[PDB]
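Each chain gets a letter, A, B and so on, in the order the sequences are listed, and its residues count up from 1.
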Amino acid sequence: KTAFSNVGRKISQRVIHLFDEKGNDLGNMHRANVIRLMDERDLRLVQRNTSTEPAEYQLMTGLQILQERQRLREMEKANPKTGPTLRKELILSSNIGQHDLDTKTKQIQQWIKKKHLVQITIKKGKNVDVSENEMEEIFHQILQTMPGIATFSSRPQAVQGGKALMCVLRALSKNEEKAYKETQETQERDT
Amino acid sequence: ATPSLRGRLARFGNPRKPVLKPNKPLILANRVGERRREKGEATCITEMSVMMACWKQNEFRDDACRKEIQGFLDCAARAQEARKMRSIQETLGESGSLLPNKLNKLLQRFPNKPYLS
Amino acid sequence: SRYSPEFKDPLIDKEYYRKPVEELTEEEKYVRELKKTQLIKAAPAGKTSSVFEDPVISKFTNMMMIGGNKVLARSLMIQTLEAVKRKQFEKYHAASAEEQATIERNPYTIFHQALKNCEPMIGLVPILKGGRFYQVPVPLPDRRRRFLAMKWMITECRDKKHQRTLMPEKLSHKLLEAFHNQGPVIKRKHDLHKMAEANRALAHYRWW
Amino acid sequence: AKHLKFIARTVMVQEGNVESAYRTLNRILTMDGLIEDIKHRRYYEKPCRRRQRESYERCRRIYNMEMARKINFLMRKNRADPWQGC
Amino acid sequence: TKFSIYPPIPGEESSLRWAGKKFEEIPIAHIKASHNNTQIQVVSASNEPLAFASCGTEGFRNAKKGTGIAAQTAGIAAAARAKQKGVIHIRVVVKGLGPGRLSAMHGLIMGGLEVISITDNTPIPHXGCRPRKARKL
RNA sequence: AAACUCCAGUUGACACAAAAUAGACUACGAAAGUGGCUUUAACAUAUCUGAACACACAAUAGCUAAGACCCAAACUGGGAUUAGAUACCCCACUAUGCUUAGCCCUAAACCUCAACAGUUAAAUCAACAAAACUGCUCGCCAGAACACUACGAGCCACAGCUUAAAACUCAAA
Ligand SMILES: [K+]
Ligand SMILES: [K+]
Ligand SMILES: [K+]
Ligand SMILES: [Mg+2]
Ligand SMILES: [Mg+2]
Ligand SMILES: [Mg+2]
Ligand SMILES: [Mg+2]
Ligand SMILES: [Mg+2]
Ligand SMILES: [Mg+2]
Ligand SMILES: [Mg+2]
Ligand SMILES: [Mg+2]
Ligand SMILES: [Mg+2]
Ligand SMILES: [Mg+2]
Ligand SMILES: [Mg+2]
Ligand SMILES: [Mg+2]
Ligand SMILES: [Mg+2]
Ligand SMILES: [Mg+2]
Ligand SMILES: [Mg+2]
Ligand SMILES: [Mg+2]
């Protein structure tokens with residue numbers, strides 16, 4: 001996390017693009033001169049933008065820093081930003097028992113409702129001879145319990161030297177969800 | 001004075017509940033423990049921070065920090081010789097209390113006798 | 001070693017032997033009468049009693065030697081000392097009477113001072129605390145300081161950045177830069193000081 | 001809260017020697033048991049766990065004080081061997 | 001007269017002075033040394049705030065606030081603002097056994113303040129609230 | 001990281017919560033339990049033994065009803081970790097811990113050592129543990145597992161407690 005607080009007296013860069021407490025642009029100056037300004041006016045230094053090639057810092061009072069920090073949290077409370085998608089992994093065996101496959105199927109369903117990406121890998125069972133067409137059937141068994149909830153983000157694909165398959169499931173988008181409801185309703189009208 | 005042991009342990013004849021539950025028998029061994037190796041404090045750390053303070057204000061130019069660099073150097077040499085003498089004196093002389101090895105030889109001659117002869 | 005532990009290293013110093021007996025102390029008198037009963041190793045073919053012997057230049061020469069080719073390493077060394085001296089004589093004749101007083105023309109004085117300007121005061125040593133290694137700033141011994149100065153200078157001259165420039169011209173140029181507190185070898189010392197100053201918080205992990 | 005201030009746990013500095021004053025204060029808080037008390041109170045020690053700790057600390061005191069008494073009693077015997085060779 | 005480590009009692013006639021001020025008139029430096037932070041406030045004998053500084057207000061963040069060098073930096077910052085208001089001698093009141101307990105006092109001295117006494121006021125309940133449960137590590 | 005930002009520090013006012021140090025003491029009580037202060041009442045029995053059920057008690061958790069609420073905290077929610085993490089780590093908060101009135105009747109309720117009387121000599125004694133025994137009495141035990149189970153019965157207990165088997169199985173435990 002990047003907090004909006006006083007940077008302190010030790011500045012990271014040597015050349016600093018400084019601004020005034022009222023927003024007036026003071027141009028670039030050496031950090032030694034900035035510390036002198038902070039002491040002469042009794043102000044604190046905050047970092048407004050870092051993407052710019054010349055580091056942009058601004059002088060502010062303790063009251064301004066509070067007002068900005070309050071403004072930012074209200075912007076998020078009102079317009080909360082979405083977080084990055086978390087990737088969950090599962091490694092199954094070809095000869096996985098049905099009771100255990102049901103346990104992991106219920107777990108995959110809970111990850112999809114939370115809008116996660118589920119990477120499912122299927123390896124050849126121990127002391128078992130299996131074909132890639134039979135291992136690929138487990139994916140459809142898993143995804144069949146989630147008719148209009150999940151779909152393939154990355155279809156089954158041999159990996160690890162052809163020993164194991166791998167796919168990535170995701171939650172259906174809102175447009176894809178309304179389409180499923182539409183197609184389902186059409187079948188209801190036909191039947 | 002050593003705290004009393006009368007009526008402290010669960011025994012026949014002792015009515016009260018036990019006061020102490022030693023996981024080892026309260027019988028003196030014929031040896032003491034080995035002194036643990038200690039971690040000393042850093043020396044000249046004060047002079048090190050004074051040196052690195054002038055560097056920050058003089059753009060790491062040694063020409064402007066000679067007196068601070070020299071002080072940190074002299075301290076390091078003095079702390080080096082003292083470290084060289086601390087071994088010859090404290091490790092070999094056994095100042096003050098005896099060392100475990102010597103103290104264990106003294107206990108060998110007067111072993112605790114928890115049995116009858 | 002083919003020398004038994006009884007063999008002592010030879011002392012190659014004419015002054016040490018011509019010193020009168022009256023000036024000797026009771027401790028120095030004991031050492032001299034003791035060496036008369038000890039076995040002495042043969043003097044290596046490197047050092048002699050010459051008045052032009054310089055142990056620092058001899059050490060820098062060995063650190064430049066590749067595959068035991070001492071003749072070539074020694075050749076590069078004397079060519080550098082000549083190149084430094086010719087550059088200073090050219091700078092001296094082209095200077096004014098006032099500036100001439102500050103121009104050094106002794107290549108041995110320049111070489112020693114250039115290395116002294118590149119020696120780092122502090123370094124980073126890994127100390128184990130709580131099962132993890134931390135780069136802790138610590139004071140460097142005199143041996144390590146001098147070694148790092150030589151190694152950095154030689155490494156900089158072998159860098160591929162120099163295109164077709166011969167070693168005596170590269171090294172002579174780097175020495176005169178370091179002699180004036182400039183160049184990439186001085187920068188490498190400043191980086192080690194900046195990286196040791198950044199880890200100032202970890203300085204207390206040291207116990208000596 | 002209701003007591004006077006700058007009386008309890010207060011040590012005066014002598015000749016600007018703040019390090020020695022701090023060590024004196026730390027030694028006072030240690031001998032009175034306040035330091036170990038503060039540390040044990042950071043997390044709740046359940047009663048059965050406290051009783052076990054007290055029993056362990058009391059058995060250790062008894063053992064350490066008896067070993068120390070035997071060392072001081074035998075220390076005079078650490079002199080040179082009077083019958084060397086026999 | 002021999003040195004007394006006990007502070008002068010108010011109301012009694014003591015001869016100790018610091019710049020002409022009595023012990024009861026010296027400003028106070030309150031140091032709160034927590035496990036993850038250090039806060040320093042200098043107040044006058046009448047409880048007038050003169051300067052405040054903590055590891056957080058000096059640009060340290062997360063685990064770096066709970067260090068001795070961070071507390072020393074906060075001590076220097078508080079001493080600088082207090083020295084401008086005419087503070088020279090201070091009475092140190094420290095509470096908590098955090099890593100910035102002694103370092104915060106060094107920073108105050110490096111900043112130009114003279115410590116005449118040290119007082120511990122670490123809260124110790126005499127029986128109080130139940131603390132949180134032990135950790136499984 | 002999340003969380004808070006009517007947040008934090010000093011100062012003052014301020015508990016239906018909990019009781020540093022003393023305690024290196026070893027006391028009180030039938031046991032369970034009992035360690036801030038004061039006062040009132042108050043700790044059975046002039047032989048011993050004597051109960052799953054009689055009679056009276058019995059930590060913590062829990063139930064019912066009405067209150068209090070600092071702090072802690074099952075559950076739950078959020079953060080993180082992980083192949084997964086229904087955990088361990090961080091945050092928040094509830095039942096609950098407190099008071100009152102009734103229940104419930106359990107514990108590694110173990111100092112795993114029954115009460116009373118007596119002994120230190122003989123053979124001292126498998127091992128370990130906390131030396132070995134005598135008299136007397138009550139309680140209890142008889143391969144392992146099934147089994148703190150089934151059934152019956154009793155109980156303010158209704159997913160409970162107490163009492164408590166057998167068949168099948170093994171040659172060990
Ligand atoms: K109390
Ligand atoms: K029981
Ligand atoms: K027990
Ligand atoms: Mg045990
Ligand atoms: Mg106690
Ligand atoms: Mg009876
Ligand atoms: Mg019966
Ligand atoms: Mg019963
Ligand atoms: Mg009960
Ligand atoms: Mg209750
Ligand atoms: Mg709470
Ligand atoms: Mg509650
Ligand atoms: Mg209460
Ligand atoms: Mg009990
Ligand atoms: Mg009985
Ligand atoms: Mg049986
Ligand atoms: Mg049960
Ligand atoms: Mg039952
Ligand atoms: Mg039944």
Side-chain angles (χ1 to χ4, degrees), chain A residues 1 3-5 62 65-67 69-74 77 83 86-93 100 103-104 106-108 110-111 118-121 123, chain B residues 1-22 25-26 115-116, chain D residues 1-2 5 29 31-34 36-38 40-41 43-44 46-48 54 57-62 64-65, chain E residues 27-32 34 36-54 56-57 62 74 78 93 95 121-137:
Chain A
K1 180 179 63 165
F4 188 91
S5 293
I65 296 168
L66 181 66
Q67 296 164 352
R69 180 168 58 248
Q70 291 174 336
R71 162 183 166 189
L72 294 175
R73 72 161 177 267
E74 295 176 356
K77 288 171 180 176
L86 301 180
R87 196 188 198 90
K88 295 294 186 181
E89 301 179 3
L90 279 179
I91 301 168
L92 309 183
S93 295
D100 302 313
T103 299
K104 294 186 176 179
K106 293 177 179 177
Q107 178 170 36
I108 293 165
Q110 294 173 339
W111 288 336
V118 185
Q119 185 189 277
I120 305 177
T121 301
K123 305 189 174 182
Chain B
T2 304
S4 177
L5 271 178
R6 183 174 63 87
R8 297 294 197 270
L9 311 183
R11 296 291 190 275
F12 295 151
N14 182 31
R16 61 188 67 83
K17 58 184 172 180
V19 165
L20 303 174
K21 298 174 181 171
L26 285 167
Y115 53 92
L116 295 188
Chain D
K2 289 176 174 179
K5 293 181 175 178
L29 302 178
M31 295 178 70
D32 291 0
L34 275 62
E36 295 297 309
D37 177 71
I38 291 163
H40 286 320
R41 287 179 180 271
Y43 311 94
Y44 182 68
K46 294 166 174 293
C48 74
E54 289 178 5
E57 290 178 358
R58 285 165 179 167
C59 294
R60 178 163 59 82
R61 177 180 299 104
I62 291 168
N64 287 346
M65 292 183 67
Chain E
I28 304 162
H30 294 275
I31 300 173
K32 185 167 182 279
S34 302
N36 301 314
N37 194 16
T38 304
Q39 305 186 59
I40 307 174
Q41 184 172 207
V42 179
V43 306
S44 70
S46 62
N47 198 35
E48 181 184 0
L50 304 176
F52 182 89
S54 69
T57 68
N62 298 321
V93 180
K95 53 165 57 169
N121 192 24
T122 306
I124 303 173
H126 297 174
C129 307
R130 184 190 181 110
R132 52 152 293 172
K133 73 200 189 72
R135 302 178 73 191
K136 297 149 160 167
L137 305 169

### Message
Does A24(F) have OP1 or OP2 under 4.0 Å away from a side-chain N or O of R58(D)?
### Response
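True: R58(D) side-chain N/O within range (under 4.0 Å) of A24(F) OP1/OP2.
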Between [atom2] of [N] and [atom1] of [X], the distance in whole Å:
| X | N | atom1 | atom2 | answer |
| --- | --- | --- | --- | --- |
| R8(B) | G23(F) | CZ | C1' | 11 Å |
| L9(B) | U26(F) | CG | P | 14 Å |
| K133(E) | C93(F) | NZ | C1' | 15 Å |
| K106(A) | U86(F) | NZ | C1' | 13 Å |

key: Heavy atoms from other residues, nucleotides or ligands near CG of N36(E) exceed 12 (cutoff 6.0 Å)   =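 For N36(E), atom CG is not crowded (no more than 12 foreign heavy atoms under 6.0 Å).
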* Please check if atom NZ in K21(B) has more than 12 non-hydrogen atoms from other residues, nucleotides or ligands closer than 6.0 Å. =>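 At most 12 heavy atoms, drawn from other residues, nucleotides or ligands, come within 6.0 Å of this atom.
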Checking base pairs now: Watson-Crick or wobble, both atom distances under 3.5 Å. What partners [N]?
| N | answer |
| --- | --- |
| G62(F) | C103(F) |
| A150(F) | none |
| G67(F) | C98(F) |
| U10(F) | none |

Could you measure between the two [atom1] atoms, the one in [N] and the one in [M], and give it in whole Å?
| N | M | atom1 | answer |
| --- | --- | --- | --- |
| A107(F) | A59(F) | P | 13 Å |
| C55(F) | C155(F) | P | 12 Å |
| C90(F) | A85(F) | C1' | 16 Å |
| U96(F) | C53(F) | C1' | 34 Å |
| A117(F) | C158(F) | P | 45 Å |

Next item on the list: Do me a favour and sort the pucker of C105(F) into north or south by its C1'-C2'-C3'-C4' torsion.
Entry: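 South, since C1'-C2'-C3'-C4' is negative for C105(F).
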Near RNA chain F, under 4.0 Å by heavy atom, which residues of residues 10-20 of chain B?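 Within residues 10-20 of chain B, the residues near RNA chain F are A10(B), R11(B), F12(B), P15(B), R16(B), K17(B), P18(B), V19(B).
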Check your understanding: Are the six-membered base rings of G84(F) and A85(F) within the stacking limits, centres under 5.5 Å and planes under 30°?
Key -> no
Touch check for [X], heavy atoms < 4.0 angstrom, all strands: base, sugar-phosphate only, or nothing?
| X | answer |
| --- | --- |
| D37(D) | sugar-phosphate |
| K2(D) | nothing |
| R73(A) | base |
| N62(E) | sugar-phosphate |

- Task: Would you mind telling me which of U82(F), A24(F), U10(F) lies closest to the side-chain atoms of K88(A)?
- Result: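 Ranking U82(F), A24(F), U10(F) by closest atom to the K88(A) side chain puts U82(F) first.
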_Distance criterion of 3.5 Å, no angle test: do you see the side chain of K32(E) paired donor-to-acceptor with the base of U10(F)?_
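Under the 3.5 Å cut-off, the side chain and the base do not form any donor-acceptor pair.
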